[PDB]
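See structure below.
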Number of protein chains: 2
Amino acid sequence: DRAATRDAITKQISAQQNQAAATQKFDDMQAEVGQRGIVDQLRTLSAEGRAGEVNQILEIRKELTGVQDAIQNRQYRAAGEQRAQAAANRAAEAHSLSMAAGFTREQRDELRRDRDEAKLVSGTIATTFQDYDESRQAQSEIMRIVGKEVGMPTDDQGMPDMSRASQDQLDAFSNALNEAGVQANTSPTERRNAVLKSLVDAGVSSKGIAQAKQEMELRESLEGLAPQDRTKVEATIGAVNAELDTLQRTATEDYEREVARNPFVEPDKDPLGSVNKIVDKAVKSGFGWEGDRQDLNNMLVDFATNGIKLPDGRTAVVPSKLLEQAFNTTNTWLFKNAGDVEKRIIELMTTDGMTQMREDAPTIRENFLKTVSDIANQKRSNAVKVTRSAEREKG
Amino acid sequence: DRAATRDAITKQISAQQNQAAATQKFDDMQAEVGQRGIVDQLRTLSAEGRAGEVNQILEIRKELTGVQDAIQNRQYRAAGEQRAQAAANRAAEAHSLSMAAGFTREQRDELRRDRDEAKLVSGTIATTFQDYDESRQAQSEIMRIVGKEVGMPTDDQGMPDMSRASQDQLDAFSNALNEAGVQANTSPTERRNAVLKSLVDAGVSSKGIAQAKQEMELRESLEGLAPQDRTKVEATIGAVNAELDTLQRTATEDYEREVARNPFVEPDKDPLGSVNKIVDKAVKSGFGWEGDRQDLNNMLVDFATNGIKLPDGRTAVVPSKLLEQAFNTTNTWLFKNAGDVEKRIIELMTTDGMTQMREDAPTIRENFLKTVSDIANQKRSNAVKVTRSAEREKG
């Protein structure tokens, strides 16, 4: 548990509560309390994935090949995006842990703050849209009932067809609206300002506000499109983002392989419980500490918790397999006292190649974070440009 | 493990990281993460093999014999090429190990460097094409959807037929492009310059750059061809390379038989653990070392690791079966002390025929390497000439 005093906690903590609320709301929505729709998986992680799920809800070899190709492309893109996001989250957590040596915000927590603001924006927008959808369906019930009562050309969804509805056809709906209902449906403006206020309540930099406004314009444009036109637009967006996706995924495999090579770039809390077995290797037919197994365990967990005092004047946490290979010598009789083993680990951590790898780890970590941030920014930028160009061209 | 200090490592190490990245990317692509295409094996080792796999994806006795003949010829050529490549790789590794006696680059590592540059070029180009293919399919989804919407003559692939598409037919695609999409697809230029920069990042001699440019021109020409015309062109390339393939394969059997004859041309790390059994033959009813089994093992592994001091002033590593036949005499009582057995092996390695075979091994090894390099260069040269001539003749 944490016993630290919050005190002012002006930033990164109100955002923490807001992101906790967003996560619990997403979990509750995914749990599907009661009976609802979502026949398919309906992950709704992103706009492209949500459009793919909607399509899933919806000569012969032509369509047989086309449907399969669409499914394969959508699944590949979504899997790549989600794996990249998870890897970036893990890398950001590792970078924050590494920087937390020594509320000490600096550039690392600045990057953390902007990424968390983006995550908060995305979660809040998804929650707002999900909440709106239920009201849309509830009101569409009455739109369909009224349309059937007066009688308009309708399809499986029940709402009168936009293309087939003439002015006289829409006159029945106008008369019904004049009669009762009073459903203004003006939310497409009020909505975003409300969200803005919530963001103002949370505290967001101008970049996050711009991202939220762009998400509003693109989401409203997408909602205004017909299902077929919406699918066409989202698939064109996927095509124009394909090269960015390929660059992002390739960078992710490169950086995760580098992580697999480097323990310093990614620590782990599991080996904190592993070190005990190494203690056993100091006892079985071996001359180690003079009956100081508890002392050895305490000093090893301290070293794996706070780190060794590097001679340069810094403190670095020793990883697991480097520690065990340092302990595993040709004959254990050489390493008996605590001073000897700490001198051994100190001199081994000061290896030239090991040192170079140590200061290489944060650089590659921050490069990975910067690259994924730039990839996301470029994806959003090309998406907003294409969507606004299409909207202008249509009308 | 290796504890050497990298320090500058300007060459052959950045290339090492790049080739490691290429190999892991190839392994990941071959693993087929998730669901994708590639109904057949789809090895995609070379252009000819990839074309054969594509054909595999695609009176009566006429076609029955023709398909079988095509499959047999393609399989034979691909198997010969891959076996030759593997044998050449093993020979190059053995030559590097032999030269490493005594970062000592010389002509052997110059040949290694140029071969590694060629391998890096091939791997990077294959990875770039594989990455591009997914985007091509994703965008072809929308091209097919739009073409079906407006309505062009189409086949199982879904894209409108090039020959059947008139100017008026392509006017629908032009209007759709003016409408939305904004898919420039200008990569066929930017792509290669990007690769060039990566090569500039890696560090490549001018010959490698020329090879990469030729691979670009031939790959783009192949991509521009129709499937039937592409098959015709690749089969003509195989026919014009058939004599080079025959020369290459015959040279490979000759040189691998010579390797089977000569241990000096190809050592092995396995007998390093085998020598121990010979030690047993020195104990069972035999007068050998005076209780120095560990000393004998240490001296034998040293001899098989660093080599014996030849009287000429050089150091050569003794092979396995020559060693065991040196030890296996008519009566083991003659060879008891270490000095006697080392004198025996020294005088046996100085045999006139054995010596001649010793200096014959590197010569035949480098001849094999030069021959395979020339075969590859001539194959690429005739391929580029035929492809450019065909491209000029078509248009």
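Numbers for the structure displayed
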item: Among the residues listed as A:226, A:235, A:184, the single one being of a type in the set (A, V, I, L, M) and away from chain B (no Cβ under 14 Å); result: A:184
item: Unmet requirement for residue B:146, which otherwise passes all of (1) touching a strand residue (DSSP E or B) at 6+ places or on another chain (Cβ under 6 Å); (2) within 11 Å of another protein chain (Cβ to nearest Cβ); (3) not polar (S, T, N, Q); result: (1)
item: In the range A:309-325, the residues that are within 13 Å of residue A:102 (Cα to Cα) and of a type in the set (A, V, I, L, M); result: A:316, A:317
item: Filtered residue count, the range A:271-292, keeping only those that are surrounded by 12 or more Cβ atoms within 10 Å (Cβ to Cβ) and of a type in the set (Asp, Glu); result: 1
item: Which listed residue is buried (at least 17 other Cβ atoms within 10 Å of the Cβ), part of a helix (DSSP H, G or I) and either more than 24 Å from the chain's Cα centre (by Cα) or acidic (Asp, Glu) (or both), from A:63, A:81; result: A:81
item: Top-ranked residue of the range B:103-143 - restricted to ones that are among the hydrophobic types (A, V, I, L, M, F, W, C) and away from chain A (no Cβ under 11 Å), ranked as nearest to residue B:187 (Cα to Cα); result: B:129
item: Residue in the range A:293-307 that is in a loop (DSSP other than H, G, I, E, B), surrounded by 13 or more Cβ atoms within 10 Å (Cβ to Cβ) and within 23 Å of the chain's Cα centre (by Cα) present; result: no
item: Residue B:71 being farther than 30 Å from residue B:195 by Cα, exposed (fewer than 15 other Cβ atoms within 10 Å of the Cβ) and under 25 Å from the mean Cα position of the chain (by Cα); result: yes
item: Breaking point among (1) more than 22 Å from residue A:265 (Cβ to Cβ); (2) surrounded by 14 or more Cβ atoms within 10 Å (Cβ to Cβ); (3) of a type in the set (A, V, I, L, M, F, W, C), for residue A:58; result: (2)
item: Scope the range A:173-231; condition within 28 Å of the chain's Cα centre (by Cα) and assigned to a loop (DSSP other than H, G, I, E, B); matching residues; result: A:203, A:204, A:205, A:225
item: Filtered residue count, the range B:183-221, keeping only those that are touching a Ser or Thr at 6+ places or on another chain (Cβ under 7 Å) and hydrophobic (A, V, I, L, M, F, W, C); result: 3
item: Members of the range B:220-236 found to be surrounded by 16 or more Cβ atoms within 10 Å (Cβ to Cβ) and of a type in the set (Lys, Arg), listed by number; result: B:230
item: Subset of the range A:21-40 [of a type in the set (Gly, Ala, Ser), part of a loop (DSSP other than H, G, I, E, B) and surrounded by 12 or more Cβ atoms within 10 Å (Cβ to Cβ)]; result: none
item: Filter result (aliphatic (A, V, I, L, M), out of contact with any helix residue (DSSP H, G or I) (no Cβ under 7 Å at 6 or more places or on another chain) and under 21 Å from residue B:372 (Cα atoms)) within the range B:220-246; result: B:239, B:242
item: Close pairs from the range B:22-39: first facing another protein chain (nearest Cβ under 7 Å), partner of a type in the set (A, V, I, L, M), Cβ under 6 Å, at least 6 apart; result: B:34/A:79
item: Positions within the range A:189-219 being more than 25 Å from residue A:372 (Cα to Cα) and either buried (at least 17 other Cβ atoms within 10 Å of the Cβ) or within 10 Å of chain B (Cβ to nearest Cβ) (or both), in sequence order; result: A:191, A:192, A:195
item: First in the range A:47-74 and under 16 Å from residue B:142 (Cβ atoms) and facing chain B (nearest Cβ under 7 Å), second anywhere and among the hydroxyl-bearing types (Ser, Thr, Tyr) and part of a helix (DSSP H, G or I), Cβ under 8 Å, 6 or more apart; result: A:69/B:140
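Here Cβ is always computed from backbone atoms with ideal geometry, including for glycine, and neighbour counts include all displayed protein chains. Only the coordinates and a few stated rules stand behind these numbers; no lab work does.
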